[PDB]
Structure formats: C-alpha cells, structure tokens
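Here's the structure we're looking at; comments come further down.
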Amino acid sequence: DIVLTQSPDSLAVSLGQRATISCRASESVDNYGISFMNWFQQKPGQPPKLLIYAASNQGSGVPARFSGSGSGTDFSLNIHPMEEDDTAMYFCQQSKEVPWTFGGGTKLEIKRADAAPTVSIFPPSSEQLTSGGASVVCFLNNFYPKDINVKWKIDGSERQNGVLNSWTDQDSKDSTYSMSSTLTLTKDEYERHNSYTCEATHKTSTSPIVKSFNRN
Amino acid sequence: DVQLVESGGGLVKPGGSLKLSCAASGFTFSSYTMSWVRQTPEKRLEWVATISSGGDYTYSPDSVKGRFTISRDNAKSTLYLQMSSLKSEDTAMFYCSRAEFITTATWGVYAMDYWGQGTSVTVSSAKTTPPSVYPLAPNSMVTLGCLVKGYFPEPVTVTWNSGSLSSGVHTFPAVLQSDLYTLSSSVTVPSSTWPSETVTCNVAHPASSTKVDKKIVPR
Ligand SMILES: [Mg+2]
C-alpha cells in the first residue's frame with residue numbers, strides 16, 4: 001500500500017497568517033507529469049470536499065488563497081492568508097494505486113490570545129441520589145489554548161478513577177474551547193466524604209483555579 | 001445539479017448484515033465510476049470500495065474483501081454496498097462519491113468530485129436505553145447545566161427553554177462508558193433572569209422515543 005503520512009496532526013494559525021500542511025507518500029504518486037495526489041477539506045457534519053486535484057489544481061469554487069505543490073513523494077498544502085472559515089479537517093489522498101489511501105488528517109484551528117477558563121462546580125442532584133448514583137460535574141468554559149489539566153480532590157485526596165472529560169470543538173465565534181469534567185461515584189461513597197473540589201491548571205497561570213463545595 | 005443521497009445506515013449487532021443505498025440524480029449515472037468512503041469516529045477517512053460504470057469491475061481493500069460487496073443498478077441510478085459479518089470497527093459514516101475526469105495542465109485525472117451527505121453505521125451489542133436527565137444548579141451571569149446520563153445509542157439533542165436560549169450554550173460531546181453514553185450541557189444566563197424566570201433543559205433521544213423537560217430549580 002502507498003502510505004500517506006501528514007504533518008502536523010493539528011495546527012493553530014492566526015487569522016491572516018500562513019497554514020502549511022505536509023503529506024509524504026511511501027511511494028511516488030506521480031507518473032509522467034500526471035500527479036495522483038489530491039487534497040480534501042471536511043468540516044464537521046459535512047462530507048469531504050475536493051479542494052486540490054492533481055497536486056496543484058484548484059477544486060470547484062476553491063479560492064486562490066489555497067495552493068497545492070510538490071511532486072513524487074513530498075506534497076504540501078498552503079493556505080494564506082488564513083481566514084475564519086478555513087477551519088476544517090484536511091486530508092491528502094492518492095489514486096495512483098489500489099487500494100486508494102488517505103493521509104491521517106490535519107485539524108486546522110484558529111490561534112487566538114490565551115484565555116483562562118471560567119470554572120463552575122455542581123453537586124449531585126437530589127434526583128440522581130434517589131437512583132443510587134452520584135455524579136459531580138465541573139465546567140471549564142471559554143478558554144484557550146485547548147489543553148488543560150483538571151484534578152479532582154475528595155477530602156483533599158486526588159481522585160482519578162471515575163473521571164470522564166469531554167472537550168468541545170473550537171467555538172466558531174470566539175475561537176475558545178470548553179471542557180466538562182464529570183466524577184461519578186456511588187451514593188454510599190459520596191455520603192462518606194465531605195468536601196469535593198475541581199482544580200483547573202491552565203497555562204494562563206501557575207496558580208490553579210479551585211472550585212469546591214461541601215456535601216452538607 | 002449532481003446529487004448523491006445515501007440511506008440504509010443504522011444500528012446493527014456484530015456479525016449482522018446491512019445494505020446501504022446511494023441514489024444519484026443530476027447526471028448520467030451509468031457513465032461514472034462510483035465509490036464508497038467511510039469516516040471513522042476518530043474522523044479519519046478510509047476507502048471502502050469502487051465499481052466501474054457498467055459494474056463489471058470492483059475494487060476493495062483487504063480489510064473489507066469477502067465481507068462487503070459493491071454493486072449498482074444503473075436502471076435505478078442507485079449504488080449499493082452490501083455489508084455482512086459486520087464488526088464493531090466497521091462503525092463509521094459511509095459516503096458515496098463519484099469519480100470524474102478533471103482536466104489538468106497537460107492531460108487530466110479521475111478524482112472524487114461529488115459526495116453524498118453520508119449515512120451512519122453503528123455496529124454494537126449495546127442495548128437501546130433512554131437517558132436519565134438531571135439538573136445542575138448552583139455576578140451578572142450565572143451558569144446552569146443538565147446531565148444526560150446512561151443512554152444508547154447516539155444521538156441526543158439538548159436545547160434550553162425550547163430553543164429560546166441559544167447563545168451561551170455548551171453541549172459537550174458524549175462519552176461512552178460501559179456501553180452507555182453520558183453528556184452534559186451548560187448554559188449561561190443573566191443572573192437577573194434566574195431563578196426569577198424559569199430555565200428548562202429539553203432532552204430528546206429519538207432511539208428511545210424520549211422527550212424530557214427538566215426545570216432547573218435552586219439548590
Ligand atoms: Mg487551537
């Protein structure tokens with residue numbers, strides 16, 4: 001198989017700056033001038049769109065800010081200047097040999113100024129406690145960049161088992177991220193401890209943001 | 001315009017069978033090579049199968065050979081993918097696409113230029129289960145939320161005040177644990193509007209015929 005390796009896996013580019021995506025093939029995908037390298041753009045909830053065909057030819061309705069280049073085993077996709085609706089997944093693809101293959105994909109996002117999270121904590125609802133369960137929820141909303149660290153503490157001791165995290169996609173309006181952290185316990189273990197704490201460490205500060213509540 | 005409309009996806013048990021269809025319109029279907037391409041839950045694209053215009057020649061990778069069969073009914077302008085011996089890893093969004101000859105500088109190439117909206121295929125042994133909906137109650141703004149726990153399969157839909165609250169809403173992607181999904185949704189409203197006025201989380205889970213309205217009350 002002709003294996004396509006894209007670089008990087010994800011990329012954050014400021015509006016007006018250059019986005020460059022690389023694709024390397026384990027074998028040549030060109031035959032006598034003709035290039036069998038294609039690029040596809042895909043946005044969430046939408047099918048892939050043919051963006052570049054034959055290495056350097058513009059797809060239908062593709063603006064001049066997109067350009068493809070390369071030959072043989074090394075190809076590149078350039079977007080400049082970056083605009084807000086260019087955020088998408090980008091894939092290289094070859095049709096020279098069966099099986100047809102795709103690159104692993106590159107997630108292009110918008111780079112904006114760093115922003116600290118807005119953190120909220122919520123105790124288990126009375127309805128869930130009646131069912132026998134106990135979930136504690138922590139929202140970390142509207143921060144940038146995406147990676148963030150959440151530490152749960154029960155009576156001051158860190159709790160890692162039973163924690164599930166989920167990041168939203170980048171917001172199409174302010175380019176921030178949000179994340180939920182959910183700690184699920186049994187009702188018995190929940191009622192055996194007093195203080196519950198979600199601690200958020202984000203590169204905006206070395207001091208963590210701490211939200212807490214007593215089960216009281 | 002060229003149009004491709006997929007159908008036939010759904011929830012299937014492992015080892016089961018499922019046939020996808022793709023209805024073409026707006027072009028001479030019998031003149032074109034057609035293909036199926038899938039997108040995994042990890043959002044990666046993978047080629048599935050390709051068939052010549054007359055149906056005489058089919059192509060597929062080793063991962064689907066012997067299990068998936070591509071075919072076409074040119075009289076009905078329809079492309080098919082018959083799947084059998086389905087596995088959990090086959091779960092993906094399946095797209096039909098047309099291969100068209102597009103001119104280049106010196107000659108031309110065949111590229112997949114038109115795609116359908118896709119049809120979702122989920123292979124799982126998990127039982128269909130309605131969600132439990134729990135309220136999440138706590139300056140100028142206040143953040144409320146909704147915990148949607150223990151449902152299968154995807155998707156659920158969450159709105160706030162029947163859609164009257166659209167901005168300041170974060171609905172987080174569901175996470176699978178023990179063959180059950182869980183998600184949360186947060187909403188930020190002016191403190192002057194809650195709890196003086198009602199805020200309600202509306203959850204719909206069509207697979208279990210579920211519509212739930214959970215009012216957020218203090219404490
Ligand atoms: Mg980013």
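Quick note on naming: the chains in the structure tokens go A, B, ... in the order shown, residues restart at 1 in each chain, and ligands are numbered from 1 in order of appearance.
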- Write out as a PyMOL selection string each polymer residue whose atoms come within 10 Å of residue 59 in chain B, counting only C-alpha atoms; drop sequence neighbours fewer than 3 positions from it. (chain A and resi 98-100) or (chain B and resi 35+48-52+62+65+69-70)
Write the residues you've just listed into a file as a CSV table (one decimal), in the first residue's frame, and include N, CA, C and O atoms for each of them.
chain,number,residue,atom,x,y,z
A,98,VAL,N,-4.4,1.0,-6.3
A,98,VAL,CA,-5.4,0.3,-5.5
A,98,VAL,C,-4.6,-0.5,-4.5
A,98,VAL,O,-3.7,-1.2,-4.8
A,99,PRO,N,-4.9,-0.4,-3.1
A,99,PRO,CA,-6.0,0.4,-2.6
A,99,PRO,C,-5.8,1.9,-2.5
A,99,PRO,O,-4.6,2.3,-2.2
A,100,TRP,N,-6.8,2.7,-2.8
A,100,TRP,CA,-6.7,4.1,-2.6
A,100,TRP,C,-6.5,4.4,-1.1
A,100,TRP,O,-7.1,3.7,-0.3
B,35,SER,N,-17.8,5.1,-5.9
B,35,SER,CA,-17.0,4.6,-4.8
B,35,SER,C,-17.8,4.8,-3.5
B,35,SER,O,-18.7,5.7,-3.4
B,48,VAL,N,-13.3,2.4,0.9
B,48,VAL,CA,-14.1,1.1,1.1
B,48,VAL,C,-14.2,0.3,-0.1
B,48,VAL,O,-13.9,-0.9,-0.1
B,49,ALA,N,-14.7,0.9,-1.2
B,49,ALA,CA,-14.9,0.1,-2.4
B,49,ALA,C,-15.1,1.0,-3.6
B,49,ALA,O,-15.4,2.2,-3.4
B,50,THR,N,-14.9,0.5,-4.8
B,50,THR,CA,-15.1,1.2,-6.1
B,50,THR,C,-15.6,0.3,-7.1
B,50,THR,O,-15.2,-0.9,-7.1
B,51,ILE,N,-16.5,0.7,-8.0
B,51,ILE,CA,-17.1,-0.1,-9.0
B,51,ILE,C,-17.1,0.7,-10.4
B,51,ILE,O,-17.4,1.9,-10.4
B,52,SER,N,-16.8,0.0,-11.5
B,52,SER,CA,-16.8,0.6,-12.8
B,52,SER,C,-18.2,1.0,-13.2
B,52,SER,O,-19.2,0.6,-12.6
B,62,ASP,N,-8.1,-5.1,1.5
B,62,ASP,CA,-8.2,-6.4,2.2
B,62,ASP,C,-9.1,-6.4,3.5
B,62,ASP,O,-9.6,-7.4,3.9
B,65,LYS,N,-12.6,-7.1,2.0
B,65,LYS,CA,-12.7,-8.2,1.0
B,65,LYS,C,-13.4,-9.4,1.6
B,65,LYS,O,-13.0,-9.8,2.7
B,69,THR,N,-19.7,-6.0,-0.4
B,69,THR,CA,-19.8,-6.2,-1.9
B,69,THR,C,-20.4,-4.9,-2.4
B,69,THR,O,-21.5,-4.5,-2.0
B,70,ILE,N,-19.7,-4.2,-3.3
B,70,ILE,CA,-20.2,-3.1,-4.0
B,70,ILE,C,-21.0,-3.5,-5.3
B,70,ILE,O,-20.6,-4.5,-5.9
- Counting only C-alpha atoms, which residues from chain B have an atom at most 6 Å from any atom of chain A, and could you show them as a ChimeraX atom specification? /B:61,113,117,136,172
Output C-alpha atoms of each residue in that selection to a file, as a PDB file, in the first residue's frame.
ATOM      1  CA  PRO B  61      -9.046  -3.243   0.328  1.00  0.00           C
ATOM      2  CA  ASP B 113     -15.551  15.351  -7.060  1.00  0.00           C
ATOM      3  CA  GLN B 117     -24.351  13.555   2.855  1.00  0.00           C
ATOM      4  CA  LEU B 136     -27.215  21.079  37.524  1.00  0.00           C
ATOM      5  CA  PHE B 172     -20.344  18.605  25.271  1.00  0.00           C
TER       6      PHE B 172
END
- Query: Quick one: residues within 9 Å of range 199-216 of chain A, only C-alpha atoms counted, chain neighbours fewer than 6 positions away excluded, as a list in words?
  - Reply: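 Within the cut-off, the hits are residues 114, 115, 116, 117, 118, 119, 120, 121, 122, 123, 138, 140, 143, 144, 145, 147, 148, 149, 150, 151, 152, 153, 190, 191 and 193 of chain A.
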- Item | Sel. of helix (DSSP H, G or I) residues, range 27-154 of chain B, as a PyMOL selection string | chain B and resi 29-31+88-90
Chain A near ligand 1 within 8 Å: what's each residue's closest atom pair and its distance in Å to one decimal, counting only C-alpha atoms and all ligand atoms, ordered by chain then ascending residue number, as a tab-separated table?
residue	atom	partner	partner_atom_place_in_ligand_line	distance
A:11	CA	ligand 1	1 (Mg)	7.0
A:12	CA	ligand 1	1 (Mg)	4.7
A:13	CA	ligand 1	1 (Mg)	7.8
A:108	CA	ligand 1	1 (Mg)	7.8
A:109	CA	ligand 1	1 (Mg)	4.9
A:110	CA	ligand 1	1 (Mg)	5.6
A:111	CA	ligand 1	1 (Mg)	5.4
A:112	CA	ligand 1	1 (Mg)	7.7
A:144	CA	ligand 1	1 (Mg)	7.2
A:145	CA	ligand 1	1 (Mg)	5.7
A:146	CA	ligand 1	1 (Mg)	5.9
A:170	CA	ligand 1	1 (Mg)	7.1
A:175	CA	ligand 1	1 (Mg)	7.7
A:176	CA	ligand 1	1 (Mg)	8.0
Go ahead and dump the residues you just picked, N, CA, C and O atoms, as a compact mmCIF listing (two decimals), in the first residue's frame.
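Result file out11.txt:
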# COMPACT_ATOMS: atom_id res chain seq x y z
N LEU A 11 -3.01 21.95 13.95
CA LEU A 11 -2.34 23.20 13.62
C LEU A 11 -3.24 24.37 13.98
O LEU A 11 -4.41 24.39 13.58
N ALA A 12 -2.71 25.33 14.73
CA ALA A 12 -3.42 26.55 15.09
C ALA A 12 -2.74 27.73 14.42
O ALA A 12 -1.55 27.97 14.63
N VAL A 13 -3.50 28.47 13.60
CA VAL A 13 -2.95 29.55 12.80
C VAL A 13 -3.76 30.81 13.07
O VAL A 13 -5.00 30.78 13.07
N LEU A 108 -7.09 21.88 11.36
CA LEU A 108 -6.67 23.27 11.31
C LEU A 108 -7.62 24.11 12.15
O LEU A 108 -8.83 24.14 11.89
N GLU A 109 -7.08 24.80 13.15
CA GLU A 109 -7.86 25.66 14.02
C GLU A 109 -7.31 27.08 13.98
O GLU A 109 -6.25 27.35 13.42
N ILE A 110 -8.06 28.00 14.59
CA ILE A 110 -7.68 29.40 14.68
C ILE A 110 -6.89 29.62 15.96
O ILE A 110 -7.29 29.17 17.04
N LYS A 111 -5.76 30.32 15.84
CA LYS A 111 -4.98 30.72 17.00
C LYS A 111 -5.42 32.10 17.46
O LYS A 111 -5.42 33.05 16.66
N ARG A 112 -5.78 32.21 18.73
CA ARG A 112 -6.19 33.48 19.33
C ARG A 112 -5.39 33.70 20.60
O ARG A 112 -4.56 32.88 20.99
N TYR A 144 -8.48 29.25 26.14
CA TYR A 144 -7.57 28.98 25.04
C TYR A 144 -6.15 29.06 25.57
O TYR A 144 -5.86 29.97 26.37
N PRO A 145 -5.24 28.17 25.15
CA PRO A 145 -5.43 27.08 24.18
C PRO A 145 -6.15 25.86 24.74
O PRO A 145 -6.63 25.87 25.87
N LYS A 146 -6.22 24.80 23.91
CA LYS A 146 -7.13 23.69 24.20
C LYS A 146 -6.68 22.86 25.40
O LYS A 146 -7.52 22.38 26.16
N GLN A 170 -13.64 23.77 18.70
CA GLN A 170 -13.38 25.20 18.79
C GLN A 170 -14.64 25.99 18.43
O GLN A 170 -15.30 25.69 17.44
N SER A 175 -13.50 31.43 19.07
CA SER A 175 -12.34 30.55 18.93
C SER A 175 -11.85 29.98 20.26
O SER A 175 -10.71 29.53 20.36
N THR A 176 -12.70 29.97 21.29
CA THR A 176 -12.31 29.37 22.55
C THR A 176 -12.72 27.90 22.59
O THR A 176 -13.45 27.40 21.73
- Nearby residues (only C-alpha atoms) at most 12 Å from residue 77 in chain B, same-chain spacing under 2 positions excluded, as a ChimeraX atom specification: /B:3-5,21-32,34,53-54,71-75,79-80
Can you check which residues of range 5-209 of chain A DSSP gives as strand (DSSP E) on the backbone and send them as a tab-separated table (two decimals) with C-alpha atoms, in the first residue's frame?
chain	number	residue	atom	x	y	z
A	5	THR	CA	1.71	10.50	6.44
A	6	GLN	CA	0.52	14.04	7.13
A	7	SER	CA	2.30	16.59	9.31
A	10	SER	CA	-3.17	19.58	14.35
A	11	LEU	CA	-2.34	23.20	13.62
A	12	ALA	CA	-3.42	26.55	15.09
A	13	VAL	CA	-2.95	29.55	12.80
A	19	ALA	CA	-1.12	27.49	7.29
A	20	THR	CA	1.11	24.79	5.79
A	21	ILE	CA	0.22	21.08	5.75
A	22	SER	CA	2.65	18.38	4.58
A	23	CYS	CA	1.93	14.97	3.06
A	24	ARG	CA	4.61	12.34	2.42
A	25	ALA	CA	3.96	9.19	0.39
A	30	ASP	CA	3.26	10.74	-9.97
A	31	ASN	CA	3.50	9.11	-13.41
A	34	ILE	CA	0.42	13.48	-14.11
A	35	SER	CA	0.05	13.71	-10.33
A	37	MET	CA	-2.23	13.44	-5.21
A	38	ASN	CA	-5.48	15.10	-4.12
A	39	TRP	CA	-6.43	17.21	-1.10
A	40	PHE	CA	-9.82	17.16	0.63
A	41	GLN	CA	-11.38	19.61	3.08
A	42	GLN	CA	-14.01	18.44	5.58
A	49	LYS	CA	-14.89	18.44	-0.44
A	50	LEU	CA	-12.37	18.09	-3.27
A	51	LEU	CA	-10.04	21.03	-2.58
A	52	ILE	CA	-6.96	20.37	-4.74
A	53	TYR	CA	-6.63	17.78	-7.51
A	57	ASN	CA	-5.14	22.35	-9.46
A	58	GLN	CA	-7.89	24.22	-7.64
A	66	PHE	CA	-5.38	27.73	-1.32
A	67	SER	CA	-2.43	26.31	-3.24
A	68	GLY	CA	-1.02	22.80	-3.60
A	69	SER	CA	2.54	21.93	-4.57
A	70	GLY	CA	5.03	19.07	-4.57
A	71	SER	CA	5.90	16.05	-6.67
A	74	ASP	CA	6.52	15.08	-0.97
A	75	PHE	CA	3.50	17.38	-1.22
A	76	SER	CA	2.28	20.47	0.61
A	77	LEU	CA	-0.96	22.40	1.05
A	78	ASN	CA	-0.66	26.13	1.75
A	79	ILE	CA	-3.43	28.44	2.98
A	88	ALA	CA	-11.60	22.07	8.96
A	89	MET	CA	-10.01	18.65	8.71
A	90	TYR	CA	-7.64	18.34	5.75
A	91	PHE	CA	-6.69	15.05	4.07
A	92	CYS	CA	-4.30	14.09	1.31
A	93	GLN	CA	-5.33	11.20	-0.91
A	94	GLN	CA	-3.74	9.22	-3.74
A	101	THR	CA	-5.34	5.65	0.58
A	102	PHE	CA	-5.83	8.78	2.67
A	106	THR	CA	-4.78	17.51	9.87
A	107	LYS	CA	-7.08	19.56	12.11
A	108	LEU	CA	-6.67	23.27	11.31
A	109	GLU	CA	-7.86	25.66	14.02
A	110	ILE	CA	-7.68	29.40	14.68
A	118	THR	CA	-14.50	30.09	33.72
A	119	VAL	CA	-14.95	27.21	36.19
A	120	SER	CA	-18.21	26.06	37.81
A	121	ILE	CA	-18.86	23.05	40.07
A	122	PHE	CA	-22.18	21.25	40.62
A	133	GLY	CA	-25.73	7.29	41.94
A	134	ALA	CA	-23.71	10.45	42.50
A	135	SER	CA	-22.09	12.50	39.73
A	136	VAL	CA	-20.14	15.71	40.36
A	137	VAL	CA	-19.76	17.97	37.33
A	138	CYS	CA	-17.18	20.68	36.63
A	139	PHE	CA	-17.46	23.03	33.61
A	140	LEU	CA	-14.36	24.77	32.27
A	141	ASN	CA	-15.72	27.21	29.70
A	142	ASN	CA	-14.28	29.59	27.11
A	143	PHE	CA	-10.52	29.12	27.44
A	149	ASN	CA	-5.45	19.93	33.38
A	150	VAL	CA	-8.27	19.08	35.80
A	151	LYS	CA	-7.60	17.48	39.18
A	152	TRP	CA	-10.39	16.13	41.38
A	153	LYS	CA	-9.88	16.02	45.14
A	154	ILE	CA	-12.11	14.23	47.65
A	157	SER	CA	-7.06	13.45	48.19
A	158	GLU	CA	-6.73	13.29	44.41
A	159	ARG	CA	-9.30	11.11	42.64
A	163	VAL	CA	-13.40	10.87	35.96
A	164	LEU	CA	-14.55	11.45	32.37
A	165	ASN	CA	-13.59	14.56	30.39
A	166	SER	CA	-15.02	15.93	27.15
A	167	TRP	CA	-13.78	18.88	25.07
A	177	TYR	CA	-12.61	25.84	23.90
A	178	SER	CA	-14.74	24.43	26.68
A	179	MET	CA	-14.49	21.20	28.62
A	180	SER	CA	-16.62	19.22	31.06
A	181	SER	CA	-15.22	17.00	33.81
A	182	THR	CA	-17.57	14.50	35.44
A	183	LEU	CA	-16.76	12.48	38.57
A	184	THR	CA	-19.12	9.54	39.11
A	185	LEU	CA	-19.30	7.77	42.48
A	186	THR	CA	-21.76	5.53	44.23
A	195	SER	CA	-15.51	18.17	50.54
A	196	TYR	CA	-15.37	17.91	46.75
A	197	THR	CA	-13.02	20.04	44.67
A	198	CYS	CA	-12.22	20.54	40.97
A	199	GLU	CA	-8.82	22.19	40.36
A	200	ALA	CA	-8.08	23.61	36.91
A	201	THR	CA	-4.47	24.25	35.87
A	209	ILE	CA	-8.39	27.73	39.77
Report as CSV: every residue of range 121-214 of chain B with an atom at most 7 Å from range 87-107 of chain B, its closest pair of atoms, and their distance in Å to one decimal, counting only C-alpha atoms, with rows sorted by chain and ascending residue number.
residue,atom,partner,partner_atom,distance
B:121,CA,B:91,CA,5.4
B:122,CA,B:91,CA,4.6
B:123,CA,B:88,CA,4.8
B:124,CA,B:88,CA,5.8
Give me, as a PDB file with N, CA and C atoms, in the first residue's frame, all polymer residues having an atom no more than 12 Å from residue 135 in chain B, counting only C-alpha atoms and skipping those fewer than 6 positions away in the same chain.
ATOM      1  N   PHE A 122     -20.788  21.604  40.340  1.00  0.00           N
ATOM      2  CA  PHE A 122     -22.178  21.251  40.622  1.00  0.00           C
ATOM      3  C   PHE A 122     -22.256  19.939  41.395  1.00  0.00           C
ATOM      4  N   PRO A 123     -22.956  19.912  42.525  1.00  0.00           N
ATOM      5  CA  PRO A 123     -23.084  18.674  43.298  1.00  0.00           C
ATOM      6  C   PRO A 123     -24.072  17.726  42.642  1.00  0.00           C
ATOM      7  N   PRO A 124     -24.119  16.468  43.079  1.00  0.00           N
ATOM      8  CA  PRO A 124     -25.150  15.555  42.571  1.00  0.00           C
ATOM      9  C   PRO A 124     -26.544  16.086  42.862  1.00  0.00           C
ATOM     10  N   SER A 125     -27.437  15.920  41.891  1.00  0.00           N
ATOM     11  CA  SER A 125     -28.817  16.329  42.087  1.00  0.00           C
ATOM     12  C   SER A 125     -29.522  15.368  43.038  1.00  0.00           C
ATOM     13  N   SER A 126     -30.579  15.869  43.681  1.00  0.00           N
ATOM     14  CA  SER A 126     -31.384  15.013  44.545  1.00  0.00           C
ATOM     15  C   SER A 126     -32.011  13.867  43.761  1.00  0.00           C
ATOM     16  N   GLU A 127     -32.358  14.104  42.493  1.00  0.00           N
ATOM     17  CA  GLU A 127     -32.958  13.051  41.682  1.00  0.00           C
ATOM     18  C   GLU A 127     -31.979  11.910  41.432  1.00  0.00           C
ATOM     19  N   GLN A 128     -30.714  12.231  41.156  1.00  0.00           N
ATOM     20  CA  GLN A 128     -29.735  11.174  40.922  1.00  0.00           C
ATOM     21  C   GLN A 128     -29.455  10.393  42.198  1.00  0.00           C
ATOM     22  N   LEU A 129     -29.386  11.089  43.337  1.00  0.00           N
ATOM     23  CA  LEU A 129     -29.136  10.413  44.605  1.00  0.00           C
ATOM     24  C   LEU A 129     -30.232   9.402  44.916  1.00  0.00           C
ATOM     25  N   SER A 135     -23.014  11.892  40.676  1.00  0.00           N
ATOM     26  CA  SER A 135     -22.091  12.498  39.727  1.00  0.00           C
ATOM     27  C   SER A 135     -21.830  13.944  40.126  1.00  0.00           C
ATOM     28  N   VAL A 136     -20.556  14.325  40.159  1.00  0.00           N
ATOM     29  CA  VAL A 136     -20.142  15.706  40.364  1.00  0.00           C
ATOM     30  C   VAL A 136     -19.616  16.227  39.034  1.00  0.00           C
ATOM     31  N   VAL A 137     -20.062  17.423  38.650  1.00  0.00           N
ATOM     32  CA  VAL A 137     -19.759  17.971  37.331  1.00  0.00           C
ATOM     33  C   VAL A 137     -19.013  19.290  37.478  1.00  0.00           C
TER      34      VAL A 137
ATOM     35  N   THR B 143     -24.229  30.298  35.624  1.00  0.00           N
ATOM     36  CA  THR B 143     -24.111  29.125  34.767  1.00  0.00           C
ATOM     37  C   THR B 143     -24.936  27.985  35.349  1.00  0.00           C
ATOM     38  N   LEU B 144     -25.877  27.481  34.558  1.00  0.00           N
ATOM     39  CA  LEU B 144     -26.660  26.301  34.887  1.00  0.00           C
ATOM     40  C   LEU B 144     -26.252  25.160  33.966  1.00  0.00           C
ATOM     41  N   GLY B 145     -26.783  23.970  34.241  1.00  0.00           N
ATOM     42  CA  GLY B 145     -26.462  22.847  33.381  1.00  0.00           C
ATOM     43  C   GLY B 145     -27.434  21.690  33.500  1.00  0.00           C
ATOM     44  N   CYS B 146     -27.145  20.656  32.710  1.00  0.00           N
ATOM     45  CA  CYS B 146     -28.001  19.496  32.517  1.00  0.00           C
ATOM     46  C   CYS B 146     -27.105  18.276  32.322  1.00  0.00           C
ATOM     47  N   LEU B 147     -27.323  17.214  33.100  1.00  0.00           N
ATOM     48  CA  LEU B 147     -26.534  15.995  32.983  1.00  0.00           C
ATOM     49  C   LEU B 147     -27.407  14.914  32.353  1.00  0.00           C
ATOM     50  N   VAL B 148     -26.994  14.414  31.186  1.00  0.00           N
ATOM     51  CA  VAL B 148     -27.735  13.419  30.419  1.00  0.00           C
ATOM     52  C   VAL B 148     -26.936  12.125  30.474  1.00  0.00           C
ATOM     53  N   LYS B 149     -27.406  11.167  31.267  1.00  0.00           N
ATOM     54  CA  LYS B 149     -26.599  10.022  31.658  1.00  0.00           C
ATOM     55  C   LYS B 149     -27.269   8.707  31.285  1.00  0.00           C
ATOM     56  N   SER B 184     -23.097  16.294  29.148  1.00  0.00           N
ATOM     57  CA  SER B 184     -23.638  17.426  29.874  1.00  0.00           C
ATOM     58  C   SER B 184     -23.785  18.610  28.930  1.00  0.00           C
ATOM     59  N   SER B 185     -24.651  19.539  29.325  1.00  0.00           N
ATOM     60  CA  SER B 185     -24.824  20.800  28.623  1.00  0.00           C
ATOM     61  C   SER B 185     -24.864  21.920  29.648  1.00  0.00           C
ATOM     62  N   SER B 186     -24.145  23.002  29.371  1.00  0.00           N
ATOM     63  CA  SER B 186     -24.146  24.173  30.233  1.00  0.00           C
ATOM     64  C   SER B 186     -24.779  25.353  29.507  1.00  0.00           C
ATOM     65  N   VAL B 187     -25.411  26.230  30.280  1.00  0.00           N
ATOM     66  CA  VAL B 187     -25.992  27.459  29.755  1.00  0.00           C
ATOM     67  C   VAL B 187     -25.673  28.584  30.727  1.00  0.00           C
ATOM     68  N   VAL B 199     -35.776  28.344  33.806  1.00  0.00           N
ATOM     69  CA  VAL B 199     -34.837  27.799  32.833  1.00  0.00           C
ATOM     70  C   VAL B 199     -35.021  26.289  32.812  1.00  0.00           C
ATOM     71  N   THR B 200     -35.201  25.736  31.624  1.00  0.00           N
ATOM     72  CA  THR B 200     -35.542  24.336  31.457  1.00  0.00           C
ATOM     73  C   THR B 200     -34.667  23.732  30.374  1.00  0.00           C
ATOM     74  N   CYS B 201     -34.137  22.540  30.665  1.00  0.00           N
ATOM     75  CA  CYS B 201     -33.342  21.732  29.749  1.00  0.00           C
ATOM     76  C   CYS B 201     -34.255  20.752  29.011  1.00  0.00           C
ATOM     77  N   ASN B 202     -34.237  20.790  27.678  1.00  0.00           N
ATOM     78  CA  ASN B 202     -35.060  19.911  26.862  1.00  0.00           C
ATOM     79  C   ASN B 202     -34.152  18.881  26.202  1.00  0.00           C
ATOM     80  N   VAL B 203     -34.377  17.602  26.514  1.00  0.00           N
ATOM     81  CA  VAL B 203     -33.574  16.500  26.000  1.00  0.00           C
ATOM     82  C   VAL B 203     -34.469  15.598  25.166  1.00  0.00           C
ATOM     83  N   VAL B 212     -37.749  14.782  27.283  1.00  0.00           N
ATOM     84  CA  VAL B 212     -37.710  15.131  28.699  1.00  0.00           C
ATOM     85  C   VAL B 212     -37.485  16.629  28.832  1.00  0.00           C
ATOM     86  N   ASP B 213     -38.283  17.271  29.684  1.00  0.00           N
ATOM     87  CA  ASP B 213     -38.090  18.663  30.074  1.00  0.00           C
ATOM     88  C   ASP B 213     -37.775  18.694  31.563  1.00  0.00           C
ATOM     89  N   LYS B 214     -36.580  19.165  31.910  1.00  0.00           N
ATOM     90  CA  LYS B 214     -36.133  19.226  33.298  1.00  0.00           C
ATOM     91  C   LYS B 214     -35.930  20.685  33.677  1.00  0.00           C
ATOM     92  N   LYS B 215     -36.771  21.183  34.579  1.00  0.00           N
ATOM     93  CA  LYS B 215     -36.636  22.544  35.071  1.00  0.00           C
ATOM     94  C   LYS B 215     -35.481  22.630  36.060  1.00  0.00           C
ATOM     95  N   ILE B 216     -34.720  23.718  35.973  1.00  0.00           N
ATOM     96  CA  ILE B 216     -33.603  23.967  36.878  1.00  0.00           C
ATOM     97  C   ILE B 216     -34.109  24.833  38.026  1.00  0.00           C
ATOM     98  N   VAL B 217     -34.175  24.259  39.223  1.00  0.00           N
ATOM     99  CA  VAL B 217     -34.625  24.999  40.402  1.00  0.00           C
ATOM    100  C   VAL B 217     -33.454  25.140  41.370  1.00  0.00           C
ATOM    101  N   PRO B 218     -33.423  26.188  42.196  1.00  0.00           N
ATOM    102  CA  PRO B 218     -32.245  26.444  43.036  1.00  0.00           C
ATOM    103  C   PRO B 218     -31.948  25.297  43.992  1.00  0.00           C
ATOM    104  N   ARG B 219     -30.738  25.347  44.552  1.00  0.00           N
ATOM    105  CA  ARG B 219     -30.187  24.312  45.433  1.00  0.00           C
ATOM    106  C   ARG B 219     -29.973  23.002  44.681  1.00  0.00           C
TER     107      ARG B 219
END
- Query: Of the candidates B:120, B:78, B:140, B:208, which one gets nearest to residue 192 in chain B if we count only C-alpha atoms?
  - Reply: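 Once distances to residue 192 in chain B are computed over only C-alpha atoms, the minimum belongs to B:140.
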- Item | Distance in Å - CA of residue 18 in chain A versus CA of residue 45 in chain B | 25.0 Å
